[PDB]
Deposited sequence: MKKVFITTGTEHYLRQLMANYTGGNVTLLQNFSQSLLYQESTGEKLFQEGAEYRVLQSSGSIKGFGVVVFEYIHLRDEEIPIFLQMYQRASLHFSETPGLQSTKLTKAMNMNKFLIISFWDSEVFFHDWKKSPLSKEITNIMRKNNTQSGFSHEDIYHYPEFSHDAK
């Protein structure tokens, strides 16, 4: 089980998504480009480690790219296991995916929110404080940890 993330013009991505149906395929955008979110099997490719909830097709979508040192991986997975049991009770949270890059220790958490206000409330949570701290302390030898926010066309 995988997530494919492809960025480009709306026209390009709309042509691309017309080869496919199903896989919770979702077109998103920011102020200058579009982004295609695609669940499939076999741009950028990520293995899905965990999925909660389901996409409602409105609001905002947040991509948190997190580089982890070897020793941080088991610890991070256990934090995420414990925190994920409460995602159903997180206000305005539709869906979350924990995913990993094929070629590196780069993890990507994708969260689908009813509104940016709910996402920003969640940023006060212990899970978000830890994620942010991990992003903050990243060894940039590996690339940058970053958070990207998208809306719906």
query: Deposited positions lacking CA coordinates; finding: 1, 44-49, 161-167
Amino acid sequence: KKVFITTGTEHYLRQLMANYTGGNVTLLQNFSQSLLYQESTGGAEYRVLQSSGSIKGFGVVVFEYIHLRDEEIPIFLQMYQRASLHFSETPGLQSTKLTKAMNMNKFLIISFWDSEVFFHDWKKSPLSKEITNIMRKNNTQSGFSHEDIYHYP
From here on, numbers count along this sequence of modelled residues.
| item | value |
| --- | --- |
| Selected stretch [higher average CA B-factor]: 132-140 or 7-15 | 7-15 |
| 17-25 versus 141-149 - greater average Cα B-factor per the deposited record | 17-25 |
| Peak C-alpha temperature factor (PDB record), options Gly42, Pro126, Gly57, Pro91 | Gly42 |
| Candidate set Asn30, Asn103, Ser115, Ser51 [ranked by C-alpha B-factor, highest] | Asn103 |
| Chain third (lowest, middle, highest) by recorded CA B-factor, residue given as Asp121 | middle |
| Where the record places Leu77 (Cα B-factor, split into thirds across the chain) | middle |
